[PDB]
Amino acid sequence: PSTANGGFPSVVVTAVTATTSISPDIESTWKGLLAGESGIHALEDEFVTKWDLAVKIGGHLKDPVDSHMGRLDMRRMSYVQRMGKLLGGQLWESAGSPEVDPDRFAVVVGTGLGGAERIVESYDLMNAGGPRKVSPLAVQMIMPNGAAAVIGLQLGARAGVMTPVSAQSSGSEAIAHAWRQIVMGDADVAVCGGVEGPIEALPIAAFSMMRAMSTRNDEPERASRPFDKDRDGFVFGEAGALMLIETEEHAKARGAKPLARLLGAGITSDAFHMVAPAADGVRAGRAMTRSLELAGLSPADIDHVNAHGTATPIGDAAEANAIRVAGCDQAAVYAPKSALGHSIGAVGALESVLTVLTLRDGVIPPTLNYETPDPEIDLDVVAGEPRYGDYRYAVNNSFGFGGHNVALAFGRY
């Protein structure tokens, strides 16, 4: 049973939404990426000078989420819930505000952590004033399923609301489980993707003490260099992204025009190390291969891989080996974190949206900063200008601390 042999129903992507450091409008982000734009800038936040942080660069959203939030939203939701509400409404409107059967409608939204600012706020309030200063809303704002639950309540989803957490693969893992929910017959339509918090001092300190972050502060747009010989770690770039997926039958019955097909998904784990990927890429390549088995594709069918490509020395080398293991190392490769940075729990969902746009429009944007090939890598990294083609099938990769490997196989509609 595969998508190609009709063992699974055909599942299509019928709407996308994202907010990024380039634009709040996904179509404008996409045009910016194709024009070689970067969302990364010097950080001007007072927290950078307060703490004299070693990292002084990153991409805040172009259009801050809270400029769209009312007084009560700011007091009743954590930041990732507010992002989830903003994007869920935008996605539904982009889909034509369909009146779907709530009992066949699921939501699957990943995030790295949850409403953690409300944990530190509640802690401070109780230390200063005692237990009765904690909000009656604290639990529901903090719980990591909070953003998915807000979207499910907002949009009326009664076929399940799920939150897989797998660190930096959470946003792709969510789209994998939404596809599973549909092909298993538990839903006909799902909103899925990932949301994440903004850049702040404590997140920068924690990842900096792992020695995982770029410190190329003098040239912020040049700092994120996935697959490049001179890379020196990742750069934060804020985002959130959701997509609407549904059976092809369901889309046809309501007149939705698909953007792409979501053909299959593979999830594996390394059992190697908690915070470094296995150098051999074997289990990561097996997640890619499993997505092909469930799609009914061979590796030679894959015209494009949207790489997780964080720009760490270790991570990019492992992913290049994984792509080789899966037989996909003659695909054209894009590493979007070169322009958009790393949004942790959201980023797999953002990069799945970009993989969809590559299939819809026949173009891969250039990987920024790809100037000096690294002989360990040996991939067809698209650089300098966009790569045009009749792309038929593509894989999006995402990986996370914990050893999680997620691959999603998409096709042109």
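Counting begins at 1, following the sequence as shown.
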- Query: Quick one: higher average CA temperature factor, 389 to 397 or 5 to 13?
  - Reply: 5 to 13
- Select between 149 to 157 and 121 to 129 the stretch whose C-alpha atoms have the higher average B-factor in the entry. 121 to 129
- Out of 163, 168, 269, 215, which one has a C-alpha B factor higher than all the others in the entry? 215
- Whose CA atom has the top B-factor in the entry, of 93, 319, 173, 238? 93
- Message: How does the C-alpha B factor of residue 286 compare with the rest of the chain: lowest, middle or highest third?
- Response: middle
- Message: Taking only the Cα B-factors deposited for this chain, tell me whether residue 86 sits in the lowest, middle or highest third.
- Response: middle
- Query: What third of the chain, by the recorded C-alpha B-factor, contains residue 328?
  - Reply: middle
- If you rank every modelled residue in this chain by C-alpha B factor, which third holds residue 351: lowest, middle or highest? lowest
- Ranked against its chain, the third holding the CA B-factor of residue 111: middle
